[PDB]
Amino acid sequence: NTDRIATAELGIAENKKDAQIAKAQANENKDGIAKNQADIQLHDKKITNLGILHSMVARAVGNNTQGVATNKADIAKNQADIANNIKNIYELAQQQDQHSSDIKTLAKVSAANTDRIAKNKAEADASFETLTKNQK
Amino acid sequence: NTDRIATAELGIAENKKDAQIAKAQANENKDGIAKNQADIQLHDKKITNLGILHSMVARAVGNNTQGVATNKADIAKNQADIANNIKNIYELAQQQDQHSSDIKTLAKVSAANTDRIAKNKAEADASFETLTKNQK
Amino acid sequence: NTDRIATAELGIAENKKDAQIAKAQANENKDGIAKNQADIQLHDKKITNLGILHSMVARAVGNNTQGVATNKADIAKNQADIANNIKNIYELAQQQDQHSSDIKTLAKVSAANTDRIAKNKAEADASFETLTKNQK
Ligand SMILES: [Cl-]
Ligand SMILES: [Cl-]
Ligand SMILES: [Cl-]
Ligand SMILES: [Cl-]
Ligand SMILES: [Cl-]
Ligand SMILES: [Cl-]
Ligand SMILES: [Cl-]
Ligand SMILES: [Cl-]
C-alpha cells in the first residue's frame with residue numbers, strides 16, 4: 001500500500017534527525033561534564049591546600065597567644081619589682097639626707113672642740129706664766 | 001507487502017518515542033551541567049578569596065611572631081637589669097647601715113670630748129684660784 | 001512497492017540503534033552530573049568550614065596584635081624607669097662615697113681632739129704640781 005509507505009518514509013526521516021539531535025546534545029553534554037569534573041579536581045587540590053595552610057597558621061597563632069600571655073606576666077613582675085626598687089631608692093635618699101645632716105652637726109661640734117681646746121690651753125699657759133713669774 | 005509495512009509502522013512509532021526519550025534526558029542533563037558550572041564558578045571565587053585572606057593573616061601572624069620574640073628579649077634585658085639594681089640597692093643599704101654606726105660612734109666621742117674639755121677647764125680654773133689666793 | 005519497503009526497513013534499523021546510542025550516552029551523562037553534584041556539595045561544606053576557621057583565626061590574631069603592641073609599650077615604660085633607677089643608684093653611690101670621706105675626716109679630728117685634751121691635762125697637772133710644791 002503506497003499511501004502507507006509514503007507516510008512511513010517521512011516518519012523515518014523525522015526519526016533520523018531526532019536521534020541525531022539527541023546524539024549531538026549528549027556529545028556536547030559529555031564534554032561539559034568532563035570540564036566540570038576537571039574544575040572540581042583543581043578545586044579539590046585548592047581546598048585541601050587551604051586546610052593545610054589553616055592548620056599551619058593555627059599552630060603559629062597558638063604559639064603567639066601563649067607568648068603574649070607569658071610576656072604579659074613577665075612584664076607585670078618586672079613592673080612590680082621596679083616599683084619596689086623605686087621605694088627602696090627613695091628610702092635610701094631619705095637616710096642619705098639624714099646622714100648629711102648628722103655629719104654636718106658633728107663637723108660643727110668637733111670644730112668647736114678643737115677651737116676650745118686651743119683657747120683653753122692658751123689661757124692656762126698665760127696663767128701659769130704669771131704665777132711662775134710671781135713665785136720667782 | 002502488507003505484513004512488512006505493518007511491522008515497519010510499529011518500528012517507527014517505537015523509534016519516535018526512543019529518540020524523544022533521549023532528547024528529553026539530554027535537555028535535563030544540559031540543565032544539570034549549567035547548574036553545576038554555576039556552582040563551580042561561585043566556588044572559584046570563594047576559594048580565591050580564602051587564598052587572599054590566608055595570605056593576609058599569614059603576614060599579620062609573621063609580624064606578631066617577630067613582636068613576641070622581640071618583646072621576650074627586651075623583657076629578659078629588663079629583668080637582668082632589675083636584678084642588678086636589686087644588688088646595688090642592697091649594697092647601698094649595707095653601706096648606709098655602716099655609716100649610721102660610724103656617725104653614732106663619732107657623736108659619742110665628740111660629746112665625751114666636749115664634756116672633758118669643760119670638766120678640765122673647771123678643774124684648772126679652781127686650781128689657779130687656790131694658788132692665786134695663796135700667792136697674795 | 002517492494003524496493004521502497006526494503007529501503008525503509010534498513011532505515012528503521014539504523015534509527016533504532018542511533019536512538020539507543022543517544023539514550024545510553026544520556027544515561028551515562030546523567031550519572032556523571034550526579035557525581036559532580038555530589039562533589040560540589042562536599043566542596044560547599046569544606047569552603048564554608050574554611051570561612052568559619054578563617055574568621056576564628058582572624059579574631060585570635062587581632063587579639064595577639066593588640067597584645068604585642070600593649071606589651072611593647074609596657075616594656076618601654078619599664079626600660080625608661082629602670083634607666084632612671086640606674087641614675088638614682090649612681091648618685092646615691094656618689095653621695096655614699098662622699099659621706100665615707102666626710103666621716104673619716106671627722107674621725108681623725110675627734111681622735112686628735114681626744115689626744116690633745118689628755119696631753120694638755122697632763123701638762124697642766126704637772127705644772128700645778130711644781131707650783132704647789134714651790135708654794136709649800
Ligand atoms: Cl524509524
Ligand atoms: Cl671632738
Ligand atoms: Cl608580646
Ligand atoms: Cl619588662
Ligand atoms: Cl629597677
Ligand atoms: Cl546527555
Ligand atoms: Cl556536570
Ligand atoms: Cl598571631
# chains A, B, ... in the order shown; residues from 1 in each chain; ligands from 1
$ residues_near_ligand --ligand "ligand 1" --cutoff "12 Å" --atoms "only C-alpha atoms and all ligand atoms" --output "PyMOL selection string"
(chain A and resi 7-19) or (chain B and resi 7-19) or (chain C and resi 7-19)
$ residues_near_ligand --ligand "ligand 4" --cutoff "6 Å" --atoms "only C-alpha atoms and all ligand atoms" --output "number ranges by chain"
A: 75, 78; B: 75, 78; C: 75, 78
$ interface_residues --of "chain B" --to "chain C" --cutoff "8 Å" --atoms "only C-alpha atoms" --output "PyMOL selection string"
chain B and resi 1+4-5+8+11-12+15+18-19+21-23+25-26+29+32-33+36+39-40+43+46-47+50+53-54+57+60-61+64+67-68+71+74-75+78+81-82+85+88-89+92+95-96+99+102-103+106+109-110+113+116-117+120+124+127+131+134-135
$ closest_residue --among "B:28, B:35, B:129, B:91" --to "ligand 7" --atoms "only C-alpha atoms and all ligand atoms"
B:35
$ atom_distance --atom1 "atom 1 (Cl, counted along the ligand's line) of ligand 3" --atom2 "CA of residue 70 in chain C"
7.8 Å
$ atom_distance --atom1 "CA of residue 84 in chain C" --atom2 "CA of residue 84 in chain A"
13.7 Å
$ closest_residue --among "C:59, C:133, C:45, C:77" --to "ligand 5" --atoms "only C-alpha atoms and all ligand atoms"
C:77
